């Protein structure tokens, strides 16, 4: 639903690169392969972690909160 | 008693069958578990089944097998006289 | 359980986790694999059936 | 649920000792040591070091089941050489080799600049 | 009394065993029991 | 991995590989048996209620519901309910003038556990009170899961 | 000193690339196994949830919090809670972090690991602080909130090893290779027409001479001169991963030696 | 057929089966939780008084 903290296979931290990945795609007009390598993700285990992630939390945040303070 | 075949004309096998051995071991194992007097020397054994196996090997099981025939007659065979070769 | 080798007697080995475990060579008589198959265990309750089970 | 607690892999339990040395009757001057809460890391390292001793005739280890963190070590030495002493010598060799390795890495690392 | 929350207007209510199950503000007929205020512990594994 | 089995990386499982949420909902209504006998959601006491389950009622509130966020386990009662009984019926003794209610509670599934996620109270088409309780639990891959 | 030899090819704060020469294969494998599974590290282990109105579950958030890398430089000055004389936890065996986030803005507000605040007495140590390893200064994206949602929880960090749970591992993938020219014939190369043309050459082939093209197989050679690259998650410096892996392995052998001595007396 | 020739029985267990290369041909791995539910009635004798006492 949200970006995983670590790569499943090797455990490298990838949860601090989602916004950097999106910004590279949007403003720098980079292809996803170049963006993945620019972020330092070399092993294809780490590349698929960020490349295949679906950000569902953005969909869940469209519903109004159940309990507002 | 016409249904008890005299020992001199018994025509059944002189060998213990697998089912006869299984019940004799289970029968004597159950008796041992119920504090039955063991007629074999134990060099260290607590499982009733193993004690029964030791008794069968040394021919110290005081039981007889009444083999039945399809007409109602039977033959009495002592566990000691039955060959355990299987 | 279409033949008598589909019911066979085994010696218990208590183990961690929530699955039964068996040797690979006994999978053909059981016609069993490990794609999700389930098997049944029955415990004898007397010395008679307990020796009968292990001797036959 | 039947998942054993993960600390059972390394934390030694109550009434359980790290080592269990029992003589082997299948051959002379042979012993089997059972290591508790250990895995291939020590077994491979210790067994390999033992095989470099000329007074050791046999050295092998096995992990009987991957569920339990214990391995057995079978050692047979030449007559007059105690297998426990062979294990002592091998362990000392590993410790001294590791000590040298640590010093060599540290002195080489201090020469770098990027980090 | 115990505290509930409306499922549409998110208004916090206080109902007794005699009060009808309904929001006194907007009129919704579904109420959510408020989360317990005692701390709950979780392992990070 | 012989014969259609597989080896999974425990490290990958630890990091969240193939981990999932499980939700289960429990439904219960306040039935009215005509004009005289009626039920209510309550936290029954052992002194006024008969046939109470061997589980624990410690987590129920005065309305007979566990508040969301509380951890539950097997045999735990999550919806407490009682119904009145007719006199002149004694079972196993144990039925004294003190007892005027009998337990009609809903216990959590014996093998399941988790944390109560949501409790909603509303009314059905006939105006009777009925509640829904949802329980969360996390399933982590183990040696019997199918992939 | 004339034992295992070390030559560092590339050093960084996240990666160290070196050649391990004059060593046995068993020692090299044990070094990487210990570096992966047995170096103590500080990580969040228990979480108390006071408020959670997010779209994520408490168990979901707790698992994420346990995977956040914390500083572990002074981890040896910390104790194991199992080996400590305290009811639940204290300042001698634990670090306490609090996370308070509210959706005050109309846009989506992101909860990072930089928002974790240490509320324990560090006693002058250097452990507990979340590792910040990016440009913007944020950490790991823990959660996202919309307006009116709140996350209030308290985290307790304890020391452990990746054998207990992978969250305590200080090392990412470890590269490990020997004999790039296959002169010991430990691999039988699968091919279709020619194996040399079909298998790309390792980058380490440049550090070793190629086979002499017609000499007899050398059956007396044993594997040595291992090429290793150790990656670090940031909880401890990468150089410390190698040094402490040697320390952990050295202690383990010493424990076997000590246990053997203890049996001798009795 | 449903109640006399075959019937549901006590002292039985069912679960998914796995393959263990490290079990003997006649061994079966039994989950620990199942082993705690299934029981065997063992008779007290002079040979098992002490072992049974510890189990109790």
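Residue numbering begins at 1 within each chain, and the chains themselves are lettered A, B, C, D, E, F, G and H in the order written.
One rule holds for everything that comes next: a residue touches a chain if its C-beta (ideal position, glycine included) is under 8 Å from a C-beta of that chain, and two chains touch if they have at least 3 such contacts.
Q: Weigh A-F against B-C on C-beta contact pairs and write down the one with more.
A: B-C
Q: Roughly how many whole angstrom separate the Cα centroids of chain A and chain H?
A: Each chain reduced to its C-alpha mean, chain A and chain H end up 50 Å apart.
Q: Compute the distance, rounded to whole Å, between the mean C-alpha positions of chain B and chain H.
A: Measuring from centre to centre gives 28 Å for this pair.
Q: Which whole number of Å gives the spacing of the CA centres of chain B and chain G?
A: Going by mean C-alpha positions, chain B sits 67 Å from chain G.
Q: Enumerate the residues of chain F that touch no fewer than two other chains.
A: 2-3, 5, 11, 14-16, 69, 115, 142-144 - these are the residues of chain F that touch more than one other chain.
Q: Of all the residues in chain D, which ones touch at least 2 other chains?
A: Where chain D meets two or more other chains at a single residue, that happens at 1-3.
Q: Spell out, as numbers or ranges, the residues of chain B touching 2 or more other chains.
A: Those would be 33, 48.
Q: Name the touching chain pairs, would you?
A: Going through each pair of chains, those in contact are A-E, A-F, A-G, B-C, B-H, C-D, C-F, C-H, D-G, D-H, E-F, E-G, F-G, F-H.
Q: Considering only the defined contacts, which chain G positions touch chain E in the complex?
A: Where chain G meets chain E, its residues are 43-52, 58-59, 62-63, 65-67, 155, 165, 167.
Q: Which bits of chain C are touching chain H when the two form their complex?
A: Per the touch definition, chain C meets chain H at residues 9-27, 32, 34, 36-46.
Q: So in the complex, which bits of chain E are touching chain A?
A: Answer in residue numbers: 5, 7, 10, 32, 34-35.
Q: Looking at the complex, which residues from chain D come into contact with chain C?
A: Of all residues in chain D, those touching chain C are 1-4, 67.
Q: Going by the contact rule at the top, pick out the chain D residues touching chain H in the complex.
A: Contact set of chain D toward chain H: 1-2, 64-66.
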